[PDB]
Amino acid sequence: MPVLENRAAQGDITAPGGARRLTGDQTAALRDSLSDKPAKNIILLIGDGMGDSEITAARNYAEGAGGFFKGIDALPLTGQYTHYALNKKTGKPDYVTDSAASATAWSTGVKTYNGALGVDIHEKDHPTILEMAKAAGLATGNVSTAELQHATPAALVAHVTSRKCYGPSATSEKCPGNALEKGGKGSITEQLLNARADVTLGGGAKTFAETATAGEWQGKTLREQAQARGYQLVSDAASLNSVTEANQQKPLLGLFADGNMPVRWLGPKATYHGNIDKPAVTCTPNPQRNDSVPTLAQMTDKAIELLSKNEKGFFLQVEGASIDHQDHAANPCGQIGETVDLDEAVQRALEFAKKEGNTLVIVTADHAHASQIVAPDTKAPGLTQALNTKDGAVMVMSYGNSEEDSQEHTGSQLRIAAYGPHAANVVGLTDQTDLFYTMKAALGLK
């Protein structure tokens, strides 16, 4: 099964055939990309808010319009999927989902309301693909650049009526029925610890400082509970690299930041008439991204290495989180840098998947976002910014779907690409909940 080695402009963009990405008929290559045998492993790469627009903006800036993302764009089977949520009261569709309801849709196969994690509109729990993979004996991984309490990673291990129920404190107040001291299963964090994935890497070390309100570990900080339960904790890249075992007996919990991990690129925020009144921006790397902080690609590589020791196979979800945050923040450079960041991780996954031959890799996003690529001389009512792309030309990005502090999500259907056994199931129009069924069947999960 081949991966598109190169879909970049073949030559001089100004000449006939120069901007072509294909070099011949693709029929045969596509025939070789189709396989229905079981998938032994599954790596799900999620770019939060990485719609088609976000991918194009990132490509234009970092690789050039005629460029090609060695990871994101290398997947052969492509399609578009819907991610509408449901209104809790009416059961009718809610065209623009949040990160919680969408994550639940692909992790459980059931639609839900905005803000929900692992439960339907009737607040009923549903087993996640991770819980199922684990029950079947497969190694499980949950990686992300955001706080592990964040919607995307949480959705695979917690079941709460509200994404806001991070630790004991918030839970008791906002999620009474889930409150441990009220007979519930506990907060997102407490449930994360219970779920016991083999590898869990992300940020949000601050929340682990809270103390449990009940149970065996009442009075103990969640960090202490983690230690007492057998979790091997790592907080930097050096220690992460020293890890050799990651199993049910010695599960790994990496906390590399108080909150979300540092953004890769710095750049100013978009501004009213920014492409007109202000000079073009060139993004600069974040001096604080550190050498002590592992990159998304590094975390992915480690998770793969450790999870691959399991004879049964593994399920790994990797999230390029900050694309969504920086999109909300209307910060082009942050948004793009996180997309480039994700690309690298996709590459690692594709490299392993190609050698192993029985790995289904899927790259997609939970929902679309605000950013739009508009003409240079655009006078928009929102925030805009002009950037100096790799092409030596200027690209203007716009965010104008909110007068408030944060730019909002959008409902547009978006790309989903895959590679390996059962990838055909992402082609054409599909729903986000179909992804749950695709992964479960590919893994023969039962």
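In this text, residue numbers run from 1 along the sequence as written.
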Could you settle it for me: does 182-190 or 254-262 have the higher average Cα B factor in the PDB entry? 182-190
With B-factors read from the PDB entry, the higher C-alpha mean of 203-211 and 338-346 is in 203-211
Peak C-alpha temperature factor (PDB record), options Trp106, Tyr95, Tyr113, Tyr166: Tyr166
Among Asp291, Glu319, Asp125, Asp198, the highest C-alpha B-factor in the PDB entry belongs to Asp291
Compared with the other modelled residues in the chain, in which third is the CA B-factor of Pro268? lowest
Looking at the entry's B-factor column for C-alpha atoms only, identify whether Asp32 ranks in the lowest, middle or highest third of its chain. highest
Third of chain Cα B-factors occupied by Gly141: middle
Tertile call for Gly64 (CA temperature factor, within chain, third-based) is the lowest
Where the record places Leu443 (Cα B-factor, split into thirds across the chain): middle
